[PDB]
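Enquirer: My questions will all concern the structure given below.
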Amino acid sequence: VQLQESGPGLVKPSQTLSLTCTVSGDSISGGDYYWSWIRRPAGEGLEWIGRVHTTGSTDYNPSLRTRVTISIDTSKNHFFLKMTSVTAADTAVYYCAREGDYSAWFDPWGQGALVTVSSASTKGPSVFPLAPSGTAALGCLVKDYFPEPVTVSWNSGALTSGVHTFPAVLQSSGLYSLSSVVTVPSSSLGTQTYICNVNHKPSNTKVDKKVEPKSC
Amino acid sequence: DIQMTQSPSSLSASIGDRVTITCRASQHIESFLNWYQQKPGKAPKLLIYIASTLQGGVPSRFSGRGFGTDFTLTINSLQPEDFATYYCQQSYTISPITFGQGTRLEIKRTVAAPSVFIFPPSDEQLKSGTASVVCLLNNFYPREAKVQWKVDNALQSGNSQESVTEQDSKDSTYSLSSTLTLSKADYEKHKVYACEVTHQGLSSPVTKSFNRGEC
Amino acid sequence: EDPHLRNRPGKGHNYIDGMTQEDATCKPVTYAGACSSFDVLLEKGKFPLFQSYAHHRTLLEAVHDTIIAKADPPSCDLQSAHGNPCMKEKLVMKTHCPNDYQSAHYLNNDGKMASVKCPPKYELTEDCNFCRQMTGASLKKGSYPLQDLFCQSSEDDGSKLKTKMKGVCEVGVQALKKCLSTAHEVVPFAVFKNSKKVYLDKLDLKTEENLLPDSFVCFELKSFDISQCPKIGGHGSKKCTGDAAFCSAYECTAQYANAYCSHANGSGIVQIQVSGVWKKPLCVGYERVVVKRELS
């Protein structure tokens, strides 16, 4: 069984955060499991939000019971989290999980969906090369985007050795900026083509940027 | 609520070492204590459930014990991929389920000096009226490093931002990226752009520089 | 024939801590659903004492209504507990467990709820004393009640009450005097406020009917909390009507009626005769334990 979260990555303060968890494989209908939502707030540990049974019964964290509603659609292998009147304290990575059969441990988990609570508007990034001049360094600068996250791969995922994709920094403008670099043999700079693949799903931005050694 | 407290909150250990993580519950929870591992950029994953039962596929170097209020996760023969944050969690009560605050595991290795690279702003970015200069410190240990930006021998402040990757799951090194951001006008007013790097593995500070408009 | 046996007094919670994965049907037990901690109590032929007082609380219900406290420690890890005192107490108590249970609970000698549990994928043996792994097993999510008993709230002080049985050296873990026939006997017992387990030569019970909230079962079948029903000379959240017992003490509307309340057959305050004094116990039950008696 495999779980996957989906939903908006940006919610305005006081509005409603909504997320869906999709369960793959056999149908949850007829089953007897509980299904939980957990989040990791910005700079904090794990916090359990609540759970819903296959039959619809629910249990919520007492500190969140007035703002949270968790529901399930077993005919489509879905369950849902709704959290009202959100603030910046709800910015977090949200996880869905199936609960244990005999006790409320969590296995398996979803991949996690980042949700940011902010009044700021979505903005797609600009992708600039960091061109190389017996090992060279090259990369891409993914600048001025909101909200997180951005994903970067190299050469359609084939190039992974020596790749470092850095945590983004929030600029004074309120926009994020990130860099992704890779170290390669200098001898391959004229033979191998290097391309950074940048995905920013919140703005539906997709850039495949070729990084050429600067002619100088 | 049942309060879960983990100890230590962070630790550094070498490959092959034994790592011991303790979890205390504020009341007796029998064996209803579960352990999770969260690697960088990944979701938590169940490692041990009901105090001592290993999740299927988890190697035998992970083990758990405890009953009541004192629980222990042990990682024998620490491996580089074990770099992660480890959480305990009581499944004794659902009002609410509570997690420990997490234990961050760092890999201690030999000192390694960074390889320093500097990248001028691209013509594409300069067309838009901004200039970003990027200094990269590649594959160094320990994490402590100092990057000083200088423009025509003049020190900079308040116009640069930096970030450091998580410890590499293979060679246990860190990398750092620093960005100096100027307007195009200020950028074209000056000639020499340099970053000076101070790190324990360097005998003396290392400077990587370029002259604007020179190859 | 009683259609309200699943309409429980108090909260009706029949789960044990750590095993919360049956809460949909056990928290609370109600008309709909199956509960592996509760359903076995209603199997005809089993638990006759409880089935005679079925509208009193189960042991788990008493625990979750704060009538009975949890033992310290609350459980015995049977996999690795040999030599420990909780295994010692459990071993003197002859019990039968059906298959597929990972937990079983009982009222111990201090009048608190203890339990024995098995690690994941293991189930209790037939004597409820050990653990084994059956490869074809659909394990239950609850805890098996080991004793035929029932409970109620009580403020009656039982601190001066103790086990007194004629010519008995030891009963269970209780040494009454210095001392011999030895046999497994079904002994009745009671637990009172501030007492320990009081074993008895004879079980002498009397029930005083009353019109307290726990003496009624209300429905909308779907359960309904009587606390919303106004008393005669009061008001409440909803409007209710009931039988003659209910209407003698509650305001029966009989028009726009949100709920119907009947008097629960087998409720009321139970009293027990202990050494010539009638006392109000917290719990009353039976258990099969080793009794050693004097031939002289």
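Enquirer: Using the structure shown, select from C:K46/C:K70; A:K209/B:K42; C:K197/C:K279; C:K160/C:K196; C:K90/C:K140 the pairs with a Cα to Cα distance greater than 18 angstrom. Mind dumping the intermediate values first?
Expert: Working: C:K46/C:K70 25 Å; A:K209/B:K42 26 Å; C:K197/C:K279 14 Å; C:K160/C:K196 10 Å; C:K90/C:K140 21 Å.
From the list (C:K46/C:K70; A:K209/B:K42; C:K197/C:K279; C:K160/C:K196; C:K90/C:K140), the Cα-Cα distance tops 18 Å for C:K46/C:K70; A:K209/B:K42; C:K90/C:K140.
Enquirer: Take every Cα-Cα distance within region C:5-141, group them into 5 Å bins from 0 onward, and report for each bin the whole-number percent of pairs it holds.
Expert: The distribution over region C:5-141 is 2, 10, 19, 22, 23, 16, 7, 2, 0, given as percents.
Enquirer: Rounded to the nearest 500 deg cm²/dmol, what is the calculated helix-only ellipticity per residue at 222 nm for chain C, with -39500 (n - 2.57) per DSSP H run of length n ≥ 4? If you can, show how the numbers build up before the last one.
Expert: On the way: 5 runs with 28 residues, N = 296.
Computed ellipticity for chain C at 222 nm equals -2000 deg cm²/dmol.
Enquirer: Per-residue Cβ counts within 10 Å, from other chains only, averaged over B:78-91: what number is that?
Expert: Other-chain Cβ atoms within 10 Å of each residue's Cβ, averaged: 2.
Enquirer: Oh, and also: Work out the length of the dipole vector of the protein assembly as shown about its Cα centre, built from +1 on the beta-carbon of each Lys and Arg and -1 on the beta-carbon of each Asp and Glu, and round it to the nearest 20 debye.
Expert: In total the dipole reaches around 680 debye.
Enquirer: Using the Kirkwood radius over Cα pairs, work out the Stokes-Einstein diffusion coefficient for region C:128-284 at 20 °C and 1.002 mPa s, in µm²/s as a whole number.
Expert: Values: Rh = 19.5 Å.
Translational D for this selection: 110 µm²/s.
Enquirer: Which three extents, in whole angstrom, do the alpha-carbon atoms of region A:57-216 cover along their principal axes, largest first?
Expert: 67, 39, 26
Enquirer: How well do other chains shield peptide A:51-60, expressed as the mean number of their Cβ atoms within 10 Å of each residue Cβ? Spell out each step's value before the answer.
Expert: Numbers: counts 6, 1, 5, 1, 4, 1, 5, 2, 8, 3.
Other-chain Cβ atoms within 10 Å of each residue's Cβ, averaged: 4.
Enquirer: Same structure again: Give me the dipole magnitude in Debye, nearest 20, for chain B about the Cα centre, with unit charges on the beta carbon: positive for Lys and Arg, negative for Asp and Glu. Intermediate results must be reported in sequence, preceding the final value.
Expert: Values: 20 positive and 19 negative charges, 33 e Å.
I would put it at about 160 debye.
Enquirer: Among A:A88, A:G50, C:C86, pick out the residue whose Cα is farthest towards the positive end of the charge dipole of the protein assembly as shown, where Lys and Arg carry +1 and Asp and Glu carry -1 on C-beta, about the Cα centre.
Expert: In the protein assembly as shown, that residue is C:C86.
Enquirer: Shifting gears a bit: Order A:112-123, C:96-107 from most to least packed using the mean count of other Cβ atoms within 10 Å.
Expert: Details: A:112-123: 17.1, C:96-107: 20.9.
The peptides rank, most packed first, as C:96-107, A:112-123.
Enquirer: Find the all-direction average of the projected area of the Cα convex hull for region C:32-94, expressing the result in square nanometres with one decimal place. Could you put the intermediate results ahead of the total?
Expert: On the way: hull surface 24.8 nm².
Result: 6.2 nm².
Enquirer: Let me see the pair-distance distribution of region B:4-108: every alpha carbon pair, 5 Å bin width, integer percents in order.
Expert: Bins of 5 Å from zero give 3, 14, 26, 27, 19, 9, 3, 0 percent of pairs.
Enquirer: Which one, B:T165, B:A154, B:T20, projects farthest toward the positive side of the charge dipole computed for chain B from Cβ point charges (K/R +1, D/E -1)?
Expert: B:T20
Enquirer: A further question on this structure: Charges at C-beta only: +1 for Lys and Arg, -1 for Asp and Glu. How large is the resulting dipole of region A:2-117 about its Cα centre, in Debye rounded to 20? Walk me through the numbers before you get to the answer.
Expert: Working: 9 positive and 11 negative charges, 91 e Å.
With only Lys, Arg, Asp and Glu charged at Cβ, the dipole is about 440 debye.
Enquirer: On average, how many beta carbons from a partner chain sit within 10 Å of the beta carbon of a residue in A:32-41? Spell out each step's value before the answer.
Expert: Working: counts 5, 1, 6, 0, 2, 0, 5, 0, 7, 0.
Average per residue, whole number: 3.
Enquirer: Going highest first, how would you order B:88-97, B:189-198, C:44-53 by mean Cβ packing within 10 Å?
Expert: On the way: B:88-97: 23.7, B:189-198: 17.1, C:44-53: 14.8.
Final packing ranking: B:88-97, B:189-198, C:44-53.
Enquirer: Full extension from B:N153 to B:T207: what is 0.36 nm times the residue separation minus their Cα-Cα distance, to one decimal in nm?
Expert: Details: separation 54, 0.36 × 54 = 19.44 nm, distance 1.14 nm.
Separation in residues times 0.36 nm, less the Cα-Cα distance, equals 18.3 nm.
Enquirer: If you don't mind, there's one more thing I want to ask. Under the √(5λ) rule applied to the eigenvalues of the Cα gyration tensor, what semi-axes describe the equivalent ellipsoid of region A:126-211? Give them in Å, descending.
Expert: 24, 13, 10
Enquirer: Also, quick follow-up: Efficiency by 1/(1 + (r/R0)^6): what FRET value for A:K82 and A:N204, r their Cβ-Cβ distance, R0 = 22 Å, to the nearest 0.05? All intermediate terms of the calculation are to be shown ahead of the outcome.
Expert: Numbers: r = 24 Å, r/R0 = 1.09.
Between A:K82 and A:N204 the formula returns 0.35.
Enquirer: How big is the equivalent ellipsoid of region B:115-211 along its three axes, where each semi-axis is √(5λ) from the Cα gyration tensor, reported in whole Å from largest to smallest?
Expert: Values: eigenvalues 131, 45, 20 Å².
Taking √(5λ) for each eigenvalue gives 26, 15, 10 Å, largest first.
Enquirer: Another question, then. Over the alpha carbons of the protein assembly as shown, what is the largest minus smallest coordinate on each principal axis, giving the biggest first in Å?
Expert: Per principal axis, max minus min of the Cα coordinates gives 111, 68, 44 Å.
Enquirer: Answer with one residue from B:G56, C:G234, A:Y176: the one whose Cα lies farthest towards the positive end of the charge dipole of the protein assembly as shown, charges on Cβ with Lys, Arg +1 and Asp, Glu -1.
Expert: Farthest along the dipole direction, towards plus: A:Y176.
Enquirer: Over chain C, how many percent of alpha carbon pairs lie in each 5 Å bin up to the one with the longest distance?
Expert: Histogram of Cα-Cα distances, whole percents per bin: 1, 5, 11, 15, 16, 16, 13, 9, 6, 4, 2, 1, 0, 0, 0.
Enquirer: Moving on. Calculate the tail of P(r) for region C:210-263: the fraction of all Cα-Cα distances greater than 18 Å, expressed in %.
Expert: Working: 210 of 1431 pairs.
In whole percent, the long-distance tail amounts to 15.
Cβ coordinates were reconstructed from backbone atoms using ideal geometry, including for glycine residues, and neighbour counts include every protein chain displayed. Laboratory data are not the source of any read-out in this text; all were calculated from the coordinates shown.
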